[PDB]
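What follows is one structure encoded as structure tokens, with my remarks underneath.
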Amino acid sequence: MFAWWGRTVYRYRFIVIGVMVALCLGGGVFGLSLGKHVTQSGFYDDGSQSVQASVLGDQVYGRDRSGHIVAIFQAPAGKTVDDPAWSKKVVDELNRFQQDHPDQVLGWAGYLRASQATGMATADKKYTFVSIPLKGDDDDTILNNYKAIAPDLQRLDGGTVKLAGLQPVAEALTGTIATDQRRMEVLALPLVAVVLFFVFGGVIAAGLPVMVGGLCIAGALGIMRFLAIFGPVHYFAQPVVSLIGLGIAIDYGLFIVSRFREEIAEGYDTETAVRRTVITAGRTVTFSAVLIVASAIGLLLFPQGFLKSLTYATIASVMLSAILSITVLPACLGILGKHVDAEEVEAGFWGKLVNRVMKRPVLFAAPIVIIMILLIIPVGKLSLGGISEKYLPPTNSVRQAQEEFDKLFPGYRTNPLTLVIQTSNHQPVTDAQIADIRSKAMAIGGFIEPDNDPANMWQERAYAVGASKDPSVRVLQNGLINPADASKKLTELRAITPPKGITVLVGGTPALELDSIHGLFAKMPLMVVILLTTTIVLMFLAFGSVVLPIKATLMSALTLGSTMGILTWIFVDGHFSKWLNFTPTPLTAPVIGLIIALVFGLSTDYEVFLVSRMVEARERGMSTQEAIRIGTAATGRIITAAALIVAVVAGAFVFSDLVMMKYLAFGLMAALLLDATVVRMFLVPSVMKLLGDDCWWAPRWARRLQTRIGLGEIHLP
Ligand SMILES: CCCCCCCCCCC(CCCCCCCCCC)(CO[C@@H]1O[C@H](CO)[C@@H](O[C@H]2O[C@H](CO)[C@@H](O)[C@H](O)[C@H]2O)[C@H](O)[C@H]1O)CO[C@@H]1O[C@H](CO)[C@@H](O[C@H]2O[C@H](CO)[C@@H](O)[C@H](O)[C@H]2O)[C@H](O)[C@H]1O
């Protein structure tokens, strides 16, 4: 299979270099429209009882267009907001902004308009705000409408106004993606180019992995844009495409180009060198890519629309990177030939480190597993959470505006729990039924009494403009003090016994996050099984042995545990926050699953890169110890360079202004730092020496089944 592609990618090395570049360049110019069609919805289990409640509330009671924009106005530096002139002109400026953007601005209500809104002006009368509703029946439509007016909105009062609310914060959160890509393009791509020049020594040899990575990120963006035609694609799709199309899409090029240069040095002519580098390195790259696919395919079981799009992005990027690395790059090398330049590796440093590692293997593995289990201890205080304005750096000037709004006008932002009363007959709900449901619900403590009286608790929702006043659905709502009691009292609410025919759905933003967390935790028992079973079999196919898949699975699990522990200790416990410019916050549950999948997949890739050389050397008659020596001395520099490349790519994203991407990239950095600077150098050789000659053992039926498939060719005569 791989020994046939090596022979057919050289006979037609132009029809593969001119067609697979067309499909990635003209297919990448199609992805330039991806930024418009990416959505921000998908963090919630769309089949839960809280999403149902939110949809019914929006349908019947109309969307809550009150927190979209709040614009804080300040007195004329030694005056009050009740100034006859200043108030008049701020009015006369909010008018002619409502009417000069009629397609985006629904209206505006504030103290400057109605004097009966004393809750919209501070007690000293020096700060006031107005609420600007935005037209749009979809969240992304509302965000686009806000983006169409934001540059002209800030000019009110003369630049003095401060914008806050749902839409400015959403714009700030989604506006960090462009900044991240700009930082990547101007800081990591040239730095990765310099790293590639240092590892290879030529501009042509170093250029080829960059070309493959660029083609991968163009084609993956094109594929994602194609996927956005049918379903929703999240905003996080493109940063992950960048990560996985410039870290591993460049690792694959590194390995294949290095293998080609190794085969050229042996004296093999151009065609034979291409065939052999395919047979070995392209096979290893293909197995690494399918291992990533297997690791990240389990995310398809989770109901979050965020994860279902991020897994598509990951799968598309890795498959395109592998296809490029086995189609275009071998053709690029076959055309170039010996012009890419334009027993000592095993006797140097890498061959002498794993000669002390295997001489006292317990001393180099027991301390490391001990110090790598102690890194798991911090994960106990995980405390997942949700997205808010605090996912921005404390100096964002938008988070600052929102925090100043919260300080000045407390009580306006409510985070209520909503009970959706709904007759099964589709009949007008009797006001006595709402009374009985409220009476049952007015027996659970921990809910915000507005004026310390029961008569205003569990108030009915307000009818908005886009409200279809269905008489068979009524919704009540209260916020709760101590948001930590959300999980404890959501179950207390969901245990009410409706009187005769009512069916109460409990929703609200606090419930929307707990439902997503529980929906994600209800499929870990099967997602983990899939992630383990699909990688064990694939690594048995890659390494014609049974013990090695188990060993690599154990090391990958240990690396994942240590990475999660470090992430918790840094981002949840709040260490190095002042250095990295973030606020210690609860993590997001879907991103934890994404981190698990990516870390497991990439650690397994690095294990495959390390052990494929050992398996290849063993088939050449080498003993078990020599197999390890050659295997991890021939690939030491290449794996170090690949780890540095991905570390640079992720560290370009660690400096992001979004905490989500910060700890995603930092988890990747920690995982690869461990897997390339502790695991590879000490744990794998020591364990493989302790196991003995049984590292290479697969039953006879297993190897003949591997041959029947056609994937067993790990030996080059
Ligand atoms: C790379 C970028 C990708 C996107 C990045 C994320 C962008 C998305 C924005 C995220 C977001 C706006 C955040 C801004 C808040 C500012 C409020 C200012 C108000 C000023 C007056 C809304 O996010 C949207 O929420 C919608 C429904 O909730 C949902 O709509 C759809 O949902 C369904 C289908 O998804 C379906 O039912 C249906 O189709 C739709 O209904 C959208 O899908 C979803 O995007 C989160 O809201 C915030 O979350 C916080 C929970 O932590 C919450 O509590 C915080 O504050 C409390 C203090 O009180 C404090 O106690 C808490 O401790 C604190 O945690 C906040 O109160 C809340 O505001």
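Residue 29 in this note's numbering sits at position 15 of the sequence shown; the count goes up by one each step and never skips. By construction, the Cβ of each residue, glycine as well, lies at the ideal position given by its N, Cα and C atoms.
Original post:
If you check the beta carbons only, do residue 542 and residue 288 fall under 8 Å apart?
Top reply: It is not a contact, given that the beta carbons lie outside the stated cut-off.
Subject >> Other residues of its chain near residue 253: CB distance less than 7 Å, five sequence neighbours each side excluded >> reply: 191, 194, 667, 675
Original post:
Tell me which same chain residues have a C-beta within less than 8 Å of the C-beta of residue 499, skipping the five on either side of it?
Top reply: 460
Original post:
For the region 83–137, which segments carrying the beta strand (DSSP E) assignment without a break, of at least 3 residues, lie completely within its bounds, in sequence order?
Top reply: 84–88
Original post:
residue 11 and residue 664 look like a contact to me (Cβ under 8 Å); what is the Cβ gap, rounded to whole Å?
Top reply: Nothing can be reported for residue 11: it is not among the residues displayed for the chain, which extend from 15 to 731.
**OP:** Check whether the Cβ atoms of residue 177 and residue 187 sit closer than 8 Å, and answer yes or no.
**Re:** no
Original post:
Under three-state DSSP, which class holds residue 178?
Top reply: Annotated three-state conformation of residue 178 is strand, per DSSP.
Original post:
When the distance is taken between beta carbons, is residue 365 closer than 8 Å to residue 643?
Top reply: yes
Original post:
Apart from the five residues just before and just after residue 632, which ones in its own chain have a Cβ nearer than 6 Å to its Cβ?
Top reply: 641, 710
Original post:
Can you tell me the Cα-Cα spacing of residue 393 and residue 600, whole angstroms?
Top reply: 12 Å
Original post:
Residue range of the beta strand (DSSP E) that residue 196 falls in?
Top reply: Following the DSSP letters along the chain, one finds residue 196 in no beta strand (DSSP E) but inside the alpha helix (DSSP H) bounded by residues 190–197.
Original post:
Which full runs of the alpha helix (DSSP H) of 4+ residues lie inside the region 510–563, going along the chain?
Top reply: 523–535, 538–556
**OP:** State whether the region 573–580 contacts the region 216–226, with contact taken as three or more CB pairs (one from each stretch) at a distance under 8 Å.
**Re:** no
Subject >> Own chain residues within Cβ distance below 8 Å of residue 493, not counting five before or after >> reply: 428, 429, 430, 431, 461, 462
Original post:
Should residue 409 be counted as a contact of ligand 1 given a C-beta to heavy atom distance under 7 Å?
Top reply: No, Cβ of residue 409 sits at least 7 Å from all heavy atoms of ligand 1.
Original post:
Taking Cβ positions, are residue 699 and residue 638 nearer each other than 8 Å?
Top reply: No, these two residues do not count as a Cβ contact at 8 Å.
Original post:
When the Cα of residue 720 is compared with those of 183, 557, 117, 242, which residue comes out closest?
Top reply: If we check each option's Cα against that of residue 720, 557 comes out closest.
**OP:** Check the C-beta distance from residue 64 over to residue 230 and give it rounded, since I have them as a contact under 8 Å.
**Re:** Between residue 230 and residue 64 the Cβ distance is about 38 Å, and since that is not below 8 Å, they are no contact.
Original post:
According to DSSP, is residue 435 helix, strand or coil?
Top reply: strand
Subject >> heavy atom of ligand 1 below 7 Å from residue 158 C-beta >> reply: no
Original post:
So is the beta-carbon of residue 491 under 7 Å away from any non-hydrogen atom of ligand 1?
Top reply: no
Subject >> Proximity test, residue 252 beta-carbon vs ligand 1 heavy atom, cut-off 7 Å >> reply: Remark: the shortest separation between the CB of residue 252 and any heavy atom of ligand 1 does not fall under 7 Å.
Original post:
Would residue 342 pass as a contact of residue 613 if the rule is Cβ separation under 8 Å?
Top reply: no
Subject >> Coarse secondary structure for residue 381, derived from DSSP in three states >> reply: The answer is helix: DSSP assigns residue 381 an H, G or I state.
Original post:
With respect to 7 Å, is the separation between the Cβ of residue 58 and the closest non-hydrogen atom of ligand 1 below this value?
Top reply: Checking the Cβ of residue 58 against ligand 1 gives yes.
Original post:
Since residue 141 is in the beta strand (DSSP E), which residue starts that stretch and which ends it?
Top reply: 141–145
Original post:
Using a Cβ-Cβ cut-off of 6 Å (strictly less than) and excluding sequence neighbours within five positions of residue 285, which residues of its own chain qualify?
Top reply: Same-chain partners within the cutoff: 24.
**OP:** Return yes when the Cβ of residue 154 is within less than 8 Å of the Cβ of residue 298, no when it is not.
**Re:** no
Subject >> Boundaries of the alpha helix (DSSP H) in which residue 492 is found, first to last residue >> reply: Counting along the chain, residue 492 falls outside any alpha helix (DSSP H), though it belongs to the beta strand (DSSP E) covering 487–493.
Original post:
Of all the alpha helix (DSSP H) runs that stay within the bounds of the region 413–458, which reach a length of 4 or more residues?
Top reply: 413–422, 445–455
Subject >> Candidates 62, 486, 581: closest to residue 389 by CA position >> reply: Closest by alpha carbon: 581.
Subject >> DSSP-derived helix/strand/coil call for residue 3 >> reply: Nothing about residue 3 can be reported from this structure: the residues present for the chain run from 15 to 731 only.
**OP:** Mind reading off the beta-carbon distance from residue 553 to residue 305? Whole number of angstroms is fine, and I expect it under 8 Å.
**Re:** 7 Å
**OP:** Measure the beta-carbon distance from residue 540 to residue 501 and round it to whole angstroms, keeping in mind my assumption that it falls under 8 Å.
**Re:** Not a contact, Cβ separation roughly 23 Å.
Subject >> Option nearest residue 292 by Cα separation, candidates 245, 213, 266 >> reply: 266
**OP:** Kindly examine ligand 1 and report whether one of its heavy atoms sits closer than 7 Å to the Cβ of residue 427.
**Re:** yes
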